[PDB]
Amino acid sequence: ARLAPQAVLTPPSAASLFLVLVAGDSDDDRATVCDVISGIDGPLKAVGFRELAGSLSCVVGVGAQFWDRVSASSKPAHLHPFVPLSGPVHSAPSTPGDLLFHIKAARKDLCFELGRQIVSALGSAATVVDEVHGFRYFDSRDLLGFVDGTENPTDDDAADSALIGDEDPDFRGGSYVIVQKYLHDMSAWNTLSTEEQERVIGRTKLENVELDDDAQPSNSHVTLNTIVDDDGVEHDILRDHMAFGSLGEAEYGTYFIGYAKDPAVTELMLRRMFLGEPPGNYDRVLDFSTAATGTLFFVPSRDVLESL
Amino acid sequence: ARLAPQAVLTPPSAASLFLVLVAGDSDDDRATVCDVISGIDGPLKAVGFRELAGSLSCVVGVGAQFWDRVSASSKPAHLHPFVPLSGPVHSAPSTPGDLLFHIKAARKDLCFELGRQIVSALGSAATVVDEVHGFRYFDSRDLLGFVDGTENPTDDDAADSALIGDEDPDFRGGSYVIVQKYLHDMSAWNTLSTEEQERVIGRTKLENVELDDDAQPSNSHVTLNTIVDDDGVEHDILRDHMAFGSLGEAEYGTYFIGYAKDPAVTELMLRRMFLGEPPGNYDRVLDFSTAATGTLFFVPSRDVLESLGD
Amino acid sequence: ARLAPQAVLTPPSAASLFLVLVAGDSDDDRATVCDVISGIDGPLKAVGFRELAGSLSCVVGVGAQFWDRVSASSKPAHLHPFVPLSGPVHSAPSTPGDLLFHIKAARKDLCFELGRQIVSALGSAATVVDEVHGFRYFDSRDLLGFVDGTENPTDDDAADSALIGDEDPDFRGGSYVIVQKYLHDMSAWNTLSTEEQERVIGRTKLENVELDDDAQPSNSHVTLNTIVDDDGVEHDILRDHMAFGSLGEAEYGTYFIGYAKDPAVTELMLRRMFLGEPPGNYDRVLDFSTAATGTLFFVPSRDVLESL
Amino acid sequence: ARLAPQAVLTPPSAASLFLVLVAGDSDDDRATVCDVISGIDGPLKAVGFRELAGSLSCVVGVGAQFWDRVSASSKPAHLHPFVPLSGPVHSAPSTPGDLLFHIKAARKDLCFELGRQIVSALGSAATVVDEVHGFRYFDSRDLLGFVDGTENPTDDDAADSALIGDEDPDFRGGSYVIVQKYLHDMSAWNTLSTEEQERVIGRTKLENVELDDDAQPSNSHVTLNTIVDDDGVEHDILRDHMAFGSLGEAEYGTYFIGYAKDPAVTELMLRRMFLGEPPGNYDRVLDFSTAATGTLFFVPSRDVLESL
Amino acid sequence: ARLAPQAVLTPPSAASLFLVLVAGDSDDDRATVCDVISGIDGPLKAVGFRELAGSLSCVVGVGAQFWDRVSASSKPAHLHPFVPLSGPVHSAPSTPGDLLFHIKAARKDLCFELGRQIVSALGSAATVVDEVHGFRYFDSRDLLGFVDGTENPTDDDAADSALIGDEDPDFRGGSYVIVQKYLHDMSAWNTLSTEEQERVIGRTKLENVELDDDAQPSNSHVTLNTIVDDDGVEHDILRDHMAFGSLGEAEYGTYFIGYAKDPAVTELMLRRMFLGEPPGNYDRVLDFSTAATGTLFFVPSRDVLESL
Amino acid sequence: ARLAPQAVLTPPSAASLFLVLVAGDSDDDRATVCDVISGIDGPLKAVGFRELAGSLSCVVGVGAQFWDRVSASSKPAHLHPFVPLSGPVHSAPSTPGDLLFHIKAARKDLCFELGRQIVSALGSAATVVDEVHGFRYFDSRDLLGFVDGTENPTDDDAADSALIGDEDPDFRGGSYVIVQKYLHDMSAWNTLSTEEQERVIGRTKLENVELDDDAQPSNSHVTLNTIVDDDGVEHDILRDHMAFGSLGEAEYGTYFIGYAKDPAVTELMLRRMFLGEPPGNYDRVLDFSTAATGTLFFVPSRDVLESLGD
Ligand code: HEM
Ligand code: HEM
Ligand code: HEM
Ligand code: HEM
Ligand SMILES: [Cl-]
Ligand SMILES: [Cl-]
Ligand SMILES: [Cl-]
Ligand SMILES: [Cl-]
Ligand SMILES: [Cl-]
Ligand SMILES: [Cl-]
């Protein structure tokens with residue numbers, strides 16, 4: 001997929017832009033927004049074509065509520081606003097957003113330029129409500145210093161995990177994407193030893209190897225995020241984390257973004273993380289990371305997107 | 001597709017070579033030509049294997065006349081010579097060519113060496129009548145200074161636009177390619193202002209953003225080259241422009257090359273360009289660009305290519 | 001084919017590692033081996049995910065004997081051990097191996113690190129019986145100075161040539177691989193003129209252009225390794241040579257690895273080379289190269305491998 | 001210069017970090033700050049050594065006031081706080097800063113990591129007061145769309161322009177650096193035609209060619225920033241602009257940074273820009289760009305820096 | 001040596017452009033030419049600054065006749081026109097040129113664009129009399145298939161060899177350059193065996209290893225081009241060949257460019273090649289290469305050039 | 001410095017080759033050896049010219065014994081065999097070698113091919129006694145998992161540290177290089193925790209940050225290898241480590257190579273490491289790393305190198 005919108009399956013990139021917008025309550029607003037995101041390949045190629053590599057991609061997400069404003073029937077099976085979580089200790093807020101632009105390329109400028117054109121076409125019809133500029137941090141690490149995104153599926157595995165789906169054939173090729181902007185408590189995290197940190201995560205730190213079953217804490221992040229159903233089938237999401245931050249504001253962040261053919265999978269992971277399994281046995285990553293956003297979007301296929 | 005001939009759908013490259021040749025009249029000539037082209041997979045790997053990235057590609061095109069010498073039996077549905085167009089001030093000549101090699105690579109030497117080995121194999125069985133060494137100019141601009149190749153289809157849209165399907169199943173996976181070598185009038189073009197240039201093209205110059213409907217002249221190159229049928233169904237082609245030129249001769253060029261599943265789409269684009277729509281409302285790019293060549297070729301799929309003549 | 005085990009079709013690489021191992025007889029060995037190899041994309045992802053480019057790949061092969069010890073249930077049609085060849089002047093030995101790891105990447109460190117993790121995870125359950133650290137030598141040459149790999153099938157051709165096959169539905173997507181470690185007599189080779197070396201190979205040395213029919217000796221490496229059936233159809237294999245060696249030991253090597261959906265094609269090339277066509281008219285490449293190893297492995301699809 | 005602090009002469013980079021800090025009024029503050037910036041190569045190599053290319057560099061600037069707190073004699077000839085400007089229409093503010101870290105590398109992460117280590121070593125002894133993450137925008141353009149930094153001197157030209165100087169031999173190898181964070185009025189600027197924009201700048205837009213003398217407006221940026229003395233000697237600075245911004249905050253910026261052996265040159269340019277020459281005939285770039293900062297720092301040589 | 005005119009010492013490049021021009025006789029011509037060439041780093045920076053890598057370079061040469069028309073004041077010691085050579089079988093013509101632009105970069109577009117700007121700035125004041133678009137051919141080979149440029153001096157050696165010179169203080173830092181455009185007879189060349197071609201050159205073809213003393217013919221290109229003085233000191237030049245050509249015209253070329261602090265060294269190589277050592281024993285490279293041009297230019301230092 | 005031999009100051013590379021050889025006893029042997037090494041500029045260009053970046057470099061080192069066979073006249077100030085050290089549990093053997101080739105490039109094949117042509121020229125006039133194919137391991141870490149090479153001097157500091165100056169003007173621009181091939185005990189080392197490993201080294205593991213004075217053991221590798229004279233003047237060396245190993249043999253290595261203007265600086269580092277400071281307070285890296293070789297060589301400047309023997 002070179003220069004196509006809704007390229008959910010792209011590998012990771014040196015640079016990302018996450019733009020989250022709310023739509024004008026007006027009628028003229030709903031119409032410009034629709035006509036801009038439905039002609040999204042225009043600016044995608046307008047920027048992207050200037051780089052020989054063609055690394056630029058753009059996935060458009062539309063939140064449940066705005067989807068209702070532009071389409072009666074049909075609606076995809078699982079589109080709903082992001083479900084908030086109130087855990088023993090930690091909370092995942094559900095925050096506003098009608099549009100997501102998830103932008104990737106090999107260079108920052110390519111990203112920024114696509115974002116500039118998008119934001120400009122929208123004018124006063126929409127309002128930026130969250131904006132992260134992500135960046136690869138050494139060998140795909142997060143600011144907690146672990147290699148992050150490892151066990152992502154790929155090739156056929158990834159298409160079955162992320163993309164609808166004979167099960168909902170009107171929206172075949174689409175996906176459900178959840179975003180969460182996490183901020184970290186660096187100083188707290190740095191008071192753990194490497195080994196404690198590894199126990200919190202589920203893998204070794206430098207060498208990025210999974211801890212043995214007989215050594216792998218039942219509340220480790222890896223454990224809480226493994227999903228096996230009754231039949232013993234595993235269910236995976238496609239994740240695309242990036243680091244971001246501000247030195248002066250002491251803000252160090254991980255931007256979570258996860259794609260799935262069914263958001264039941266992503267939501268189950270989030271429940272096991274915030275509420276624990278067994279209940280109360282929650283993910284220690286949450287002791288060091290706080291989600292400031294939580295938004296759920298439908299990712300239309302190219303065809304479905306182009307028709308709005 | 002890596003080191004396979006007839007890879008129509010390859011992304012743009014840093015360097016290209018376009019060779020157009022005319023075949024000899026004899027029966028020797030025609031059979032040498034069929035050997036070289038049906039076994040083009042050989043020189044392609046002989047050269048291209050030597051570069052780890054395997055960027056080298058080579059698409060072979062056969063003209064309508066030569067096709068009749070080789071396979072009178074069985075002609076693809078729309079293969080004919082290039083249709084010359086002739087407007088009041090600007091014309092699109094129909095110039096000779098039996099063979100097209102459209103070569104792309106990340107490096108000049110690979111393009112050159114492949115060309116060299118091909119030309120060497122043909123020997124006196126063919127003559128080069130056009131040769132262009134193309135090169136990427138800045139951020140994929142053409143010598144007029146505009147980003148060029150932008151609205152080209154990609155992925156599935158591209159395959160559908162460019163390759164013969166069910167409509168002509170005997171030649172599924174082939175294409176029709178048209179080439180034209182254009183020369184520009186740089187000082188004429190430089191007397192225009194940016195804003196005027198933008199009105200000629202249909203997009204802003206630096207930022208490559210499409211002009212909105214209301215600012216978009218009916219004879220902008222973009223407007224004229226938009227093909228929408230009565231059904232309201234859009235028809236695209238796959239274009240592959242490269243810059244070329246010579247500073248001493250004051251030649252500044254764009255080499256045009258368009259692939260289509262049906263050349264009717266390309267031919268209509270050319271009519272709207274040269275004859276205008278409504279009539280006489282022609283494409284002002286042509287005020288600054290003169291076509292020195294125009295030739296149509298059939299691009300056989302690999303299976304078909306391997307069978308000539310034989 | 002990003003970070004998938006059994007990516008047989010991958011292109012040449014700047015670096016590769018070839019590991020051959022024998023398993024222990026203990027049932028516990030039997031089981032360690034099967035754990036590690038069936039979970040192979042754990043380490044493949046543990047390591048490979050640290051490279052932005054994702055160039056790392058790892059193909060696992062399993063020997064006939066070892067397959068039997070683990071799945072007397074079903075066998076792939078052509079899984080037998082490597083057949084030794086004993087020819088008028090030169091011979092191809094049949095040497096041990098239960099496991100092949102064919103590892104490739106853009107960098108040595110990735111190859112070495114994947115190997116480190118595999119070997120170490122197999123612990124005393126297995127023993128490295130041959131180890132070759134291969135490298136790209138100039139413009140895809142081998143140490144005899146010829147561009148080597150030129151006539152490999154690509155894309156569809158390659159899949160047809162290398163992957164099973166309606167002809168064996170239970171092992172669809174797998175392959176058979178034969179390795180042979182060759183050592184060259186450099187000084188002898190250098191007494192030939194370039195033209196002589198060209199006559200041995202079947203192609204020109206610098207330009208890598210195939211010699212025409214009337215100047216192609218009938219025992220050139222190329223003629224011998226052309227396999228055309230009675231209907232005039234050509235049967236190809238997918239090959240992956242790398243250079244290797246040691247300056248002080250005066251070892252200058254070519255590691256041969258050949259993939260095919262039916263190893264009989266490979267095996268036939270080997271016979272025409274070693275014994276000759278017609279018999280006695282053998283590949284003069286063998287006057288300057290000696291096979292120190294010869295082993296055949298079955299390459300399972302991901303599904304079959306994941307379930308061993 | 002690989003991995004040396006005070007590498008004023010480095011070429012431009014894909015990524016930059018500009019950090020401006022104020023020092024604690026305390027005594028313990030003055031001491032940690034001194035010992036951190038005087039051991040600045042420690043973290044420079046600590047981060048920089050992890051990249052094969054070694055593209056990371058770090059220039060440290062110390063403002064006049066803090067310089068006084070740590071050194072009586074000696075003081076460089078021209079160190080003083082940045083002079084504010086009140087022009088016919090436009091104003092250059094003079095804003096706080098004791099320390100500048102001007103950081104460059106081929107990757108964002110390298111920059112951010114160096115900044116993280118610096119800010120962390122400083123702890124509560126200093127406070128970030130300005131922070132820009134710059135990025136190359138296409139072919140060295142600024143967000144106004146012009147190629148920017150063209151006429152920079154280089155090689156010997158650049159060392160004579162930027163570096164002291166037999167004229168002040170205690171501080172030979174040092175430099176004076178002025179920074180200004182500009183924000184742009186994109187919408188206003190976009191209402192000019194290309195040709196007007198070119199007249200404002202002094203060069204053509206796409207092709208980056210200098211306008212002819214007989215066509216070059218006397219109030220163009222190029223004109224106002226050409227410095228010839230009585231004898232007709234030209235005086236140049238070394239400039240190292242980067243773009244930065246925020247889509248949601250509609251902030252589009254150019255970060256100015258200019259190095260000179262004598263700040264008289266930079267200040268004269270700034271006077272001709274804000275006040276005009278003839279007076280009132282000012283730089284139209286200022287009609288579209290507003291400076292939010294203005295700070296002047298001394299850039300000690302390596303030797304002078306290491307001794308504090 | 002970043003974006004400086006008269007960067008004689010730069011390494012090989014992937015692309016280059018060689019422009020030779022004759023000036024008109026009008027005094028206005030005289031002056032246009034001198035404006036453009038003395039301001040040459042204007043365009044060099046206009047173009048070159050757009051590439052992050054800064055690989056673009058441009059060396060200006062000036063012919064003897066044209067120098068006279070512009071500076072009868074002082075002349076560099078060795079500035080005379082190219083001396084034709086007329087030998088037993090082959091001749092080197094002396095062809096016109098007043099200006100040389102030797103342009104190099106990592107990409108053709110940079111070369112072409114610098115050329116476009118120069119030629120266009122010279123307008124009708126000058127005429128391009130020869131134009132070669134040179135390219136790197138595989139591993140630094142020329143179209144005869146040999147690695148070509150191997151024995152170039154580097155670093156200090158190169159400066160000693162190419163740059164004037166206490167021996168001519170007024171033109172310290174300049175050089176003399178000789179260009180010759182060669183066309184090859186490819187078919188004739190291919191009738192030689194590789195060994196014969198090696199005997200012609202003086203080195204092995206694929207491995208680029210120098211033939212040992214007893215197998216080096218006395219008329220090999222290498223022997224002939226070895227210049228050793230009476231004290232046994234070797235005098236070298238700095239060379240910059242590129243391949244060029246046209247497939248349809250069957251033109252396969254090597255563009256020779258040679259730099260030296262004293263052109264007599266270059267000139268002597270030329271004599272030993274064309275006329276032979278001993279006389280008649282001439283460079284058999286000339287049986288397969290014909291010089292279509294031959295011109296000598298003086299290469300001013302930046303200071304001298306900037307003041308013409 | 002591009003394609004010049006004896007480029008001591010080159011930056012780290014992706015690949016290296018370290019060859020150590022012993023010369024034959026004859027007079028033929030010694031003169032072949034002097035031909036090959038004094039004209040090493042030839043193979044260096046023969047190989048290295050073929051790569052556009054010109055990353056290839058080759059530094060030649062001559063042992064003290066062989067130096068006496070070639071230039072009894074005139075010996076540089078500090079040239080002697082490697083001084084073996086012998087502590088209670090860990091030793092630094094002094095192992096044979098007359099010749100060192102320290103080869104660096106961006107690619108393995110260039111290193112290999114240069115080695116091949118050198119070894120081929122020497123013929124039976126020399127024997128390889130050690131050979132290591134080094135490789136960059138992740139973000140310049142060594143097999144112990146730590147970033148390694150960090151505090152190496154750069155620029156002028158480097159030149160001053162590594163090259164002979166006024167002190168020995170007959171050999172200005174030369175150096176003294178010491179090599180040791182270390183083998184690691186990976187399972188011993190893996191039983192430690194990160195924090196302990198950090199205490200062994202003197203820096204944090206992932207982030208490569210120096211530990212502060214108060215957390216910094218007196219026998220950390222970093223502490224022991226800091227050389228400060230009574231004047232309070234620091235003395236550094238130029239180090240060039242590469243990883244190497246073989247998975248089947250369970251060999252995991254660090255190849256050490258240090259350059260100094262005076263080998264006294266390197267030798268003292270080794271004493272503090274092996275014999276400890278205060279005495280017995282040795283470098284715990286040595287609990288996990290065993291030296292299999294130790295050899296000292298003089299690195300002649302180019303001018304000096306060109307003159308042997310002759
Ligand atoms: C600050 C937020 C987060 C940090 C720092 C973090 C970090 C990690 C790390 C270090 C790993 C192990 C490497 C890998 O296999 O990718 C991991 C794995 C994983 N993470 Fe998280 N993560 C975060 C948020 C989440 C959230 C919110 C979800 C679910 C909605 C999640 C889903 C997963 C999954 C599914 C895996 C792979 C588990 C497996 O199959 O081994 N991540 N992440
Ligand atoms: C020392 C070991 C070997 C060396 C140096 C060697 C070298 C070559 C060279 C130089 C070519 C021509 C370029 C190309 O198409 O790759 C070639 C072709 C070939 N080689 Fe070999 N080879 C070796 C072993 C083998 C073995 C053992 C087999 C079969 C099991 C083999 C199968 C082939 C095939 C199938 C081709 C393509 C022939 C064609 O054009 O159809 N190679 N090899
Ligand atoms: C928003 C702020 C600014 C923008 C967008 C801007 C943009 C430009 C552009 C487009 C050029 C022509 C290309 C070049 O030669 O670099 C230029 C040149 C120049 N600029 Fe500015 N600039 C800005 C601020 C300044 C400031 C504050 C100074 C002085 C303190 C300055 C000093 C120069 C100098 C010395 C030149 C080269 C003049 C010559 O010799 O041709 N820049 N800048
Ligand atoms: C068609 C034109 C030419 C071709 C194909 C050619 C080819 C070669 C080749 C293959 C080498 C050996 C590798 C090397 O050191 O570069 C060489 C060396 C050399 N060439 Fe030529 N050359 C040509 C013209 C010339 C001319 C006209 C000169 C002198 C004006 C010349 C001067 C040299 C020098 C100085 C060397 C190095 C000799 C040495 O080892 O000392 N080249 N050239
Ligand atoms: Cl961005
Ligand atoms: Cl070409
Ligand atoms: Cl390896
Ligand atoms: Cl940053
Ligand atoms: Cl050019
Ligand atoms: Cl090696």
# chains A, B, ... in the order shown; residues from 1 in each chain; ligands from 1
>>> residues_around(residues="stretch 241-258 of chain C", least_positions_apart="5", cutoff="8 Å", atoms="only C-alpha atoms", output="MDAnalysis selection string")
(chainID C and resid 16 132:137 142:143 148:149 177:186 266) or (chainID F and resid 115:116 119 127:131)
>>> write_last_selection(atoms="C-alpha atoms", output="mmCIF file, in the first residue's frame")
data_model
loop_
_atom_site.group_PDB
_atom_site.id
_atom_site.type_symbol
_atom_site.label_atom_id
_atom_site.label_comp_id
_atom_site.auth_asym_id
_atom_site.auth_seq_id
_atom_site.Cartn_x
_atom_site.Cartn_y
_atom_site.Cartn_z
ATOM 1 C CA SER C 16 23.182 -14.301 7.065
ATOM 2 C CA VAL C 132 28.493 -20.491 8.869
ATOM 3 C CA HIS C 133 28.567 -16.699 9.110
ATOM 4 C CA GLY C 134 27.835 -15.693 5.532
ATOM 5 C CA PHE C 135 28.386 -12.300 3.877
ATOM 6 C CA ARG C 136 27.580 -10.506 0.672
ATOM 7 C CA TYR C 137 30.712 -10.249 -1.439
ATOM 8 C CA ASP C 142 30.859 -15.666 -4.771
ATOM 9 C CA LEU C 143 34.545 -16.044 -3.854
ATOM 10 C CA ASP C 148 26.000 -15.818 -8.295
ATOM 11 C CA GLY C 149 22.183 -16.103 -7.877
ATOM 12 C CA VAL C 177 15.909 -27.311 1.600
ATOM 13 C CA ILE C 178 19.342 -28.748 0.901
ATOM 14 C CA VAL C 179 22.506 -27.152 2.255
ATOM 15 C CA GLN C 180 26.131 -27.864 1.260
ATOM 16 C CA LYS C 181 29.145 -26.055 2.688
ATOM 17 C CA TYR C 182 31.783 -25.709 -0.083
ATOM 18 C CA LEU C 183 35.488 -24.925 0.254
ATOM 19 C CA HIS C 184 37.441 -23.614 -2.701
ATOM 20 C CA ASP C 185 40.912 -24.228 -3.959
ATOM 21 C CA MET C 186 41.710 -20.593 -4.725
ATOM 22 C CA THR C 266 17.612 -30.114 -6.526
ATOM 23 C CA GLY F 115 42.821 -9.115 4.361
ATOM 24 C CA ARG F 116 42.788 -11.653 1.553
ATOM 25 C CA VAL F 119 47.705 -12.388 3.220
ATOM 26 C CA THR F 127 51.782 -16.869 9.344
ATOM 27 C CA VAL F 128 48.500 -15.739 10.854
ATOM 28 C CA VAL F 129 48.537 -16.468 14.598
ATOM 29 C CA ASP F 130 45.401 -14.503 15.417
ATOM 30 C CA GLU F 131 42.411 -13.464 13.335
#
>>> residues_around(residues="residue B:274", least_positions_apart="2", cutoff="8 Å", atoms="only C-alpha atoms", output="ChimeraX atom specification")
/B:85-87,90-92,270-272,276,282-283,286
>>> select_by_dssp(residues="stretch 60-104 of chain B", states="strand (DSSP E)", output="NGL selection string")
:B and (60-62 or 85-86 or 91-92 or 99-104)
>>> write_last_selection(atoms="N, CA, C and O atoms", output="CSV table (one decimal), in the first residue's frame")
chain,number,residue,atom,x,y,z
B,60,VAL,N,8.6,-4.1,-21.6
B,60,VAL,CA,8.8,-4.1,-23.0
B,60,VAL,C,7.4,-3.8,-23.7
B,60,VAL,O,6.4,-4.4,-23.4
B,61,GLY,N,7.5,-3.0,-24.8
B,61,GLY,CA,6.3,-2.6,-25.5
B,61,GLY,C,6.5,-2.9,-27.0
B,61,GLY,O,7.6,-2.8,-27.5
B,62,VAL,N,5.4,-3.4,-27.6
B,62,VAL,CA,5.5,-3.8,-29.0
B,62,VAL,C,4.5,-2.9,-29.8
B,62,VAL,O,3.3,-2.9,-29.4
B,85,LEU,N,-3.0,13.8,-33.5
B,85,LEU,CA,-4.0,14.9,-33.3
B,85,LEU,C,-3.4,16.2,-33.9
B,85,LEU,O,-2.1,16.4,-33.9
B,86,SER,N,-4.2,17.1,-34.4
B,86,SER,CA,-3.8,18.2,-35.1
B,86,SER,C,-4.7,19.4,-34.8
B,86,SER,O,-5.8,19.4,-35.4
B,91,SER,N,0.2,20.4,-32.2
B,91,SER,CA,-0.1,19.1,-32.8
B,91,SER,C,0.6,18.0,-32.0
B,91,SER,O,1.6,18.2,-31.3
B,92,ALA,N,0.1,16.8,-32.1
B,92,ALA,CA,0.6,15.6,-31.4
B,92,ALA,C,0.9,14.6,-32.6
B,92,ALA,O,0.0,13.9,-33.0
B,99,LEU,N,9.4,-1.1,-31.1
B,99,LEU,CA,9.8,-1.5,-29.7
B,99,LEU,C,10.0,-0.4,-28.7
B,99,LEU,O,10.6,0.6,-28.9
B,100,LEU,N,9.5,-0.7,-27.5
B,100,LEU,CA,9.7,0.2,-26.3
B,100,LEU,C,10.4,-0.6,-25.2
B,100,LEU,O,9.9,-1.7,-24.9
B,101,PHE,N,11.5,0.0,-24.7
B,101,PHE,CA,12.0,-0.5,-23.4
B,101,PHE,C,11.9,0.6,-22.4
B,101,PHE,O,12.5,1.7,-22.6
B,102,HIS,N,11.1,0.4,-21.4
B,102,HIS,CA,10.9,1.4,-20.4
B,102,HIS,C,11.7,0.9,-19.1
B,102,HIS,O,11.2,0.0,-18.5
B,103,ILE,N,12.8,1.5,-18.9
B,103,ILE,CA,13.7,1.0,-17.9
B,103,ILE,C,13.8,1.9,-16.7
B,103,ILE,O,13.9,3.1,-16.9
B,104,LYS,N,13.6,1.3,-15.5
B,104,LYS,CA,13.7,2.1,-14.2
B,104,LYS,C,14.7,1.5,-13.2
B,104,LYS,O,14.8,0.2,-13.1
>>> residues_near_ligand(ligand="ligand 8", cutoff="7 Å", atoms="only C-alpha atoms and all ligand atoms", output="list in words")
residues 16, 17, 108, 109, 111, 112 and 133 of chain D
>>> residues_near_ligand(ligand="ligand 6", cutoff="7 Å", atoms="only C-alpha atoms and all ligand atoms", output="list in words")
residues 16, 17, 108, 109, 111, 112 and 133 of chain B
>>> closest_residue(among="F:45, F:261, F:78, F:107", to="chain C", atoms="only C-alpha atoms")
F:107
